[PDB]
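In: Part one of the assembly, not moved from where it sits:
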Amino acid sequence: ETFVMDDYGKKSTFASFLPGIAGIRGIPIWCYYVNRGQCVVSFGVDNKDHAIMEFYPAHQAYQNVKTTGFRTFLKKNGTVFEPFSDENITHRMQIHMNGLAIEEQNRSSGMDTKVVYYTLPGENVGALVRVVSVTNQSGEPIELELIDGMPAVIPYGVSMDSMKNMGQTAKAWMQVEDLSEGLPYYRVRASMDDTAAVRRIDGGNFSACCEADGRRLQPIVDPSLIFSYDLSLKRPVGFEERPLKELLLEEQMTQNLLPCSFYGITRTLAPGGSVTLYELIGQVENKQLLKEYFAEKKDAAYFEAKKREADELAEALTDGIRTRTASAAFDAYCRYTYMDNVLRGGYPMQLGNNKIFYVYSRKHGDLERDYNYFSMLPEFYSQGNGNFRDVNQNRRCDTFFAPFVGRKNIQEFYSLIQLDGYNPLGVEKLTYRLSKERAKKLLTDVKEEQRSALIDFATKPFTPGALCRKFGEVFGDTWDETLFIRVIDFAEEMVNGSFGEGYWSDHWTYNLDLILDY
């Protein structure tokens, strides 16, 4: 069920990604990785323009993962080591359906390192979770100083082309705030457009690190403290010459720079001892949501429960094609294939009482498909839009695995055939609308100051995630499920379809397969 690659640093290069599923009630993110360094190159929330770590094609990813990716520095008795930087030291890599874990065993220094990754499931904030642990495998106590983080965080509000074309000028807008509270906030203060209209920016990125007790640590957002004059980000010149305690008392610049995020601790480890850090990097729309999310302390139990939930999500998703044969590779390949088909096509679920909905769909751009502009809705009941051919092919066997679908696919895909035999290219994501009379009748039992907003929102096309967000905004953290179910049930489906590019001569040949399968 798990694939293990030994000494992946010296092997041939390949690219992959996390599935990026956070559940029905969660915010998904996109993350890509390669088999070099610490195996994370870029991740964001919505698309390339909302990235937290800069997006690179496969060539630049391979070239820059060892410098612009996650970093870790260990100081043992005055000597600085960097795990996952020399390929001659034995390392390891484990790949799960919805996770990734790496580890290094340094027999010279006598310290072992382990890092795991997974997307945070079932929350109102989309973020990436990273856990770092160091174990003392020597025979004598050692004095340890640890530094971990990423050296380049893109502030919210900076587009990809502005970063890759005028990144020198764009540093004038970058800034970071709220260092004292332990929750740094990365954003620009205003629009970067060279027009007569100036707007206000409210969203931002954040980071938070803590030990098992749950108390947040003091961040470091000035890269010049660690690397000093070395702008190549190869040697930690500043960290070698000074203790971490002195660095934490240094004054940090929070403007005119590309900010980083490093956290540090000091500890003396007995033989066989260990220390662990928990990190959270994500993106939010306003500070109020971040404060509401962090209103309660997070500790080790929370993160381990989240990891278990993340594994169980994929397990339950792929439970539908379980099989047992004479080879385990075939059995694992079946589940992986089903998961990939679900990712590119969507998972049919029964929403309400008379609606059929598809979740987890998206545009499938990645590192090697660098010509695509992928997108993914950052909300509950996440979905996306795709091409005619791909969605038509991927939904061929939906009736067998879910009999409640019925003839919905046939009706949907035979209604896009024009009178001249051709069809539009794109299929839009499902959206719903509610009539005036039904909105008036349903919202009688709610306060007027909320009723007006609810009816105004509901009398326009919307998606289930937008409706959930509006309900959370209006009624607060707790709201009636029956009202949401009734609103979804009494709504009306909007017609989808976009022309886009042109007319191909083979799209009509995949429709008979739906009939034959039904």
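Out: It's in. Numbers count the residues shown, from 1 in each chain, chains lettered A, B, ... in the order given.

In: pretty sure residue A:257 contacts residue A:223?
Out: Yes. Between residue A:257 and residue A:223 there is a contact at 7.3 Å, judged by CB atoms under 8 Å. Yep, even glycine has a C-beta here, placed from its N, CA and C like the rest.

In: and these two? which has more neighbours close in?
Out: residue A:223 (23 against 16; other CB atoms under 10 Å).

In: which ones are touching the closest residue to residue A:64 other than its chain neighbours?
Out: Among residues not flanking residue A:64 along the chain, residue A:56 sits closest, at 6.0 Å (CB to CB, 6 or more residues apart in numbering). Residue A:56 sits next to A:41, A:42, A:64, A:367 when contact means CB atoms under 8 Å, 6 or more residues apart in numbering.

In: Quick one: the helices in the stretch 301-450 of chain A, in order.
Out: A:328-345, A:388-394, A:398-401, A:408-414, A:436-442, A:448-458 (DSSP state H, counting those that start in this stretch).

In: Could you do the stretch 1-150 of chain A as well?
Out: Going by DSSP H, counting those that start in this stretch, the stretch 1-150 of chain A shows helices at A:58-68.

In: all strands for it, in order.
Out: A:3-6, A:15-17, A:30-34, A:42-44, A:51-53, A:71-76, A:79-81, A:91-96, A:99-105, A:111-119, A:126-136, A:142-150 (DSSP state E, counting those that start in this stretch).

In: closest to residue A:384 out of those strands?
Out: Closest to residue A:384 of the strands of the stretch 1-150 of chain A is strand A:30-34 (CB to CB; 11.2 Å).

In: starting at the chain centroid, how far to the closest one?
Out: Distance, stretch centre to chain centre, for strand A:30-34: 9 Å (CA atoms, centre = their mean, to the nearest Å).

In: can you tell me the helix or strand for residue A:257?
Out: Assessed by DSSP states H and E, residue A:257 sits outside every helix and strand.

In: Please apply the same query to residue A:196.
Out: Short version, using DSSP H and E: residue A:196 is in no helix or strand.

In: how close does it sit to residue A:189?
Out: For residue A:196, the distance to residue A:189 (CB to CB, to the nearest Å) stands at 18 Å.

In: more crowded one of those two?
Out: With neighbours defined as other CB under 10 Å, residue A:196 and residue A:189 compare such that residue A:189 has more, 12 against 5.

In: For the residue nearest to residue A:384 when sequence neighbours are not counted, which residues are in contact?
Out: Among residues not flanking residue A:384 along the chain, residue A:362 sits closest, at 4.0 Å (CB to CB, 6+ apart). Going by CB under 8 Å, 6+ apart, residue A:362 touches A:20, A:343, A:344, A:374, A:375, A:376, A:382, A:383, A:384, A:386.

In: count of neighbours near the third one?
Out: For residue A:344, the tally of surrounding residues (other CB under 10 Å) stands at 17.

In: before we move on, what about the fifth one?
Out: The number of residues packed around residue A:375, counting by other CB under 10 Å, is 17.

In: likewise residue A:301?
Out: 10.

In: I'd like to know how far it sits from residue A:437.
Out: From residue A:301 to residue A:437 the distance is 50 Å (CB to CB).

In: What of residue A:231?
Out: 65 Å.

In: what do you get for residue A:355?
Out: Taking CB to CB, one finds residue A:355 at 20 Å from residue A:437.

In: of these two, who's got more company?
Out: Taking neighbours as other CB under 10 Å, residue A:355 and residue A:437 compare with residue A:355 leading, 15 against 8.

In: now the sequence for chain B, which goes on the structure above:
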Amino acid sequence: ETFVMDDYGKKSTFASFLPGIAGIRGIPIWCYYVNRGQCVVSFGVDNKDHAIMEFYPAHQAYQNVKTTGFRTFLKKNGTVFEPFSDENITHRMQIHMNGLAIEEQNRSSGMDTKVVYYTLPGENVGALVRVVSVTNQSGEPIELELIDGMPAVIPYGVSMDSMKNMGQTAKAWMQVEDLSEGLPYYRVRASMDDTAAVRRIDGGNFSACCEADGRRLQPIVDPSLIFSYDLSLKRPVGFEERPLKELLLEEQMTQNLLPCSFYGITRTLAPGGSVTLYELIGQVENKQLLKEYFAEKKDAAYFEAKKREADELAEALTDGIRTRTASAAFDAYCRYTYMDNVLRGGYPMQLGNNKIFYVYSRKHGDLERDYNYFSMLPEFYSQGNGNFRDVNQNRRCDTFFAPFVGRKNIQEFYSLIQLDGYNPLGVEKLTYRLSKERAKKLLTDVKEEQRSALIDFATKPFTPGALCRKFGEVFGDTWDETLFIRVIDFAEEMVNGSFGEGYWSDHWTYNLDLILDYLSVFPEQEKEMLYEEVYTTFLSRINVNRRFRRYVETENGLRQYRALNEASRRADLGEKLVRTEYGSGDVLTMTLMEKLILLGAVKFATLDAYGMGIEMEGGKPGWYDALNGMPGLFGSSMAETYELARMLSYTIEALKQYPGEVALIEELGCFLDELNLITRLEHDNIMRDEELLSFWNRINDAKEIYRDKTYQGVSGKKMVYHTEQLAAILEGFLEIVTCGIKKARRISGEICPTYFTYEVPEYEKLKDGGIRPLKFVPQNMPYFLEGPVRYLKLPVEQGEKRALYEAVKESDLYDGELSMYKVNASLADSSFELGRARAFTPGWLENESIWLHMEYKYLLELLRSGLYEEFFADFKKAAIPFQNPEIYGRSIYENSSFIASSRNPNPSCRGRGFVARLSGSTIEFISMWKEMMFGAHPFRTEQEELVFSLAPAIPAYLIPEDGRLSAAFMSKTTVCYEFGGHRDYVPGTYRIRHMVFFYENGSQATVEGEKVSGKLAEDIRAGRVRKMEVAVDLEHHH
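Out: To build on what is shown above, here is chain B added in:
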């Protein structure tokens, strides 16, 4: 003349570039470098889309120079060393005007490294030359294996965005060929444009390396051999395990990869021995040209001769401003400043017999100005593009340094002014065209198979470099020069200009400086200049919306967002000149006086509601373009008002000086009559009121009617006016402007204001969808330095100027610690809708920083106003060549756009210069140097006779010990002063005894006194005087 920086690896970072000039008969390239690694980050041929080494912004350059730049690996007895990789080993850096050299001295391994760079001059191929030498400084013989080159060469035909966005899929088109011959050729298999008409690329990049004997070496194009599995290009894993001889016998991949170029040798070095390599990287048009170029061997003598030629090229280019003073830094700074001004503005030259051409020009687009898209033609007589303001300012003093230019600049920059007072943004390359009749007449004595091609080429627009390339292609390696000269001579000049982005409100204010500078050399040509009818008019692409349709509503109030009328947008590439008969006749022509009247009439009708400033209704701010949101807040500027007052005064004086008849167009005549009727009315109202809403409405209605009339076409008929009526109308306009200036000064305070912002609380919605403002509420703005700079040009009393100087020096515009003048005061309390100036950290870019251009403008105005002591005191502290190189963190010979002030929160940035050279302060320093060395008006006309006299103003700290100061007059004549004693020589405090003239033929002449009139002035202006001796208070004494 040479700047040396020791241990540049640990110092603060800075960016620079090679000038890139390759001579008249050469192919230029652009190259940038930083003070990290081996100090080259990117170079190409034409623009960012034809780079050989990938172009990066400064932040990415500082990070990727050590990995994607030039690399060198040395294996000594089995151990691999990489020079310029560790900052703890002593290294050095030398910077020349047209070169660069670095070296490292590793005392542990006992080997020294040295590499120099320069651009190949005077050849048919543009390339970068790199010479690497390694010396054995140990006491025992060693066995050396050397590998040198670059790890990533972009094949020709791959655009910048293709590499930035889809660099993985783009590798399918890449290939490298001709490895056996030793001349690799990098190009794509086919055009990456799916919709193209070629599907085949002839051009490509190349590389060639050889030792002193000249035999080319076998290249390595597969990066997987050197680095093996390490794709980070950090460890030469493959080279550490195998000998170079084994690597050279390996099989290399030439497809589906990003190729490199490495060359290697094996040698044993005796104690004190050394080995050298020569490399060439560049671009060629086709393989035939490359074979022709490499038909003859290239050895060390060829490269050293090319280096000498490259140095002499820059030396001769900058020889025109040579001077000697008490400090050598001043002279070096003068030469570097002149070179930078030439680079950004172009170098005038005499082409053929009746053509004036500008070469070496380009657009300032260096690593720190990453938003500019520069261009540079890779051909003979190379030239480039630029913006209106920058090129207009950089060509202010061309007439003084080159009298043969004449009135070309005035005609060129007054023909880009449209009928509505605005102008396009970009200026394009000059091009020529030839008629079929002249082409047939000239090409009678050539073969038909060549004649047809020649006439077909010449009947279309072309540049001289394209013509040279065509002649080389047709007639072969050698062709007649006289035919080329005749073809250039009989050709016709084509117009140029591109709209680009939009309309600013200050581009018209720099035209009067050209006239003022021209009249300082030919004072007797004023009447001929005024009534010369050669000037044309550019054809506008977009029109500005009427005021009622220019306003939109928002939750914050009323705004001004829809400045341009997008519905009436003409298509580009169409006719570029205004023609008579509503666009169907011949080209319309005007005199300079008509242009001045048009500028005076239109700008007067753009006053704000209070009649103080000039509204920026074009959608863009003035000179200070960081306030991009100001036009949305009904902004207006007083600098435009001051410039309008100065222009009106000059026009009135010119009209009164030469009485006669003036012909004006019908629409302009009607508009001027309406404006006169409006201004003679309400005269008692504007002198006795605060708000002038009715006057604003009247003038705006008249201006809108004129715009709507003239945008769609003009008949072409002319009205006749006498000078007295125009003089009276302009006098009325000037009186109104003066009253407005007085009101603004009363409202603002002790320092003259610069900007105003208006609030409109109540308005009216019209039936057509427009919005009619009903009242305006003015709002004050923070202090700006541009205000006093523009104000000091107006004619006012000396005491008022001194009081203004005293008020400014003790205000918030003066930085006490740095003893410099900031560009503006604090913007903290102002609205956030002004623009990106509010989002900038204080002390960075255009926010409370020491912007060098405005400071130099202020110093020049102080010098021109007659405040000599203050000018000397402030120039001693503010000038670049008098700074501390350690604090400045750069060569003191190079200018900077701005210097971070004391308000910057970073203590390590206060006093550093940024955004490299190629600033607008070069022309200001040139003007200051000229006025200090020769005076305001070297030539005057008295009793209808030319008169020449000198009046220098030199401070004490510039006179040498022996008291002999020399400078170049008009770049051809040397003037040698000799001062009696060491003191400040201010006009009126000294008298010139006599002058001695040395002619070019050996004759001499002596004139008593400081005044020369008659034929001698004509001779000295014509360049027939080789040297001058000037004595002030007799011989020097100690």
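
In: show me what contacts the nearest residue in space to residue A:427 that is not next to it in sequence?
Out: Spatially, and ignoring its direct neighbours in sequence, residue A:427 is nearest to residue A:391 (5.5 Å; CB to CB, 6 or more residues apart in numbering or on different chains). Residue A:391 makes contact with A:345, A:346, A:361, A:427, according to CB atoms under 8 Å, 6 or more residues apart in numbering or on different chains.

In: would you turn those into JSON lines with neighbour count?
Out: Formatted as JSON lines, those follow (neighbours: other CB atoms under 10 Å in any protein chain shown):
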{"residue": "A:345", "neighbour count": "20"}
{"residue": "A:346", "neighbour count": "24"}
{"residue": "A:361", "neighbour count": "24"}
{"residue": "A:427", "neighbour count": "21"}
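
In: one step back: what's the spacing between the residue nearest to residue A:427 and residue B:535?
Out: Taking CB to CB, one finds residue A:391 at 64 Å from residue B:535.

In: Need phi/psi at the residue nearest the centre of chain A.
Out: Nearest to the mean C-alpha position of chain A, by CA atoms, centre = their mean, lies residue A:29 at 2.1 Å. Taking degrees, to the nearest 10, you get phi -130, psi 160 for the backbone angles of residue A:29.

In: wouldn't it be in contact with residue A:118 here?
Out: No. Using CB under 8 Å, residue A:29 is not in contact with residue A:118, being 10.7 Å away.

In: Can you pull the residues that touch both of the two?
Out: Common neighbours of residue A:29 and residue A:118 (CB under 8 Å, 6+ apart) are residue A:128.

In: which parts of the stretch 251-400 of chain A sit against chain B?
Out: Residues of the stretch 251-400 of chain A lying near chain B by CB under 8 Å from any CB of the partner chain: A:253, A:255, A:256, A:258, A:367, A:368, A:370, A:371.

In: Please repeat the previous calculation with a cut-off of 10 Å.
Out: Within the stretch 251-400 of chain A, the positions lying close to chain B (CB under 10 Å from any CB of the partner chain) are A:251, A:253-258, A:367-373.

In: For PyMOL, write the select line for the buried members of these.
Out: Buried members of those, defined by 16 or more other CB atoms under 10 Å in any protein chain shown, are picked up in PyMOL with:
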select buried, chain A and resi 253+254+255+256+257+258+367+368+369+370
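
In: Now residue A:487. Its backbone dihedrals?
Out: Dihedral angles (degrees, to the nearest 10) for residue A:487: phi -60, psi -40.

In: Pretty sure residue A:266 sits against residue A:217.
Out: No. The pair residue A:266 / residue A:217 is not scored as a contact, 11.3 Å apart, by CB atoms under 10 Å.

In: Between these two, point out the one with more neighbours.
Out: Using other CB atoms under 10 Å in any protein chain shown as the criterion, residue A:266 and residue A:217 rank with residue A:217 on top: 17 against 14.

In: got a list of what the more buried one touches?
Out: Applying CB atoms under 10 Å, 6 or more residues apart in numbering or on different chains, we find residue A:217 in contact with A:182, A:208, A:209, A:210, A:211, A:248, A:262, A:263, A:264, A:265, A:277, A:279.

In: Neighbour-wise, which one of those residues leads?
Out: residue A:262 (25 neighbours).

In: What is the neighbour count of the residue lying closest to residue A:294 once chain neighbours are set aside?
Out: Nearest-residue entry for residue A:294: residue A:183, 6.6 Å, with adjacent residues in sequence omitted and distances by CB to CB, 6+ apart. Using other CB under 10 Å, residue A:183 has 18 other residues around it.
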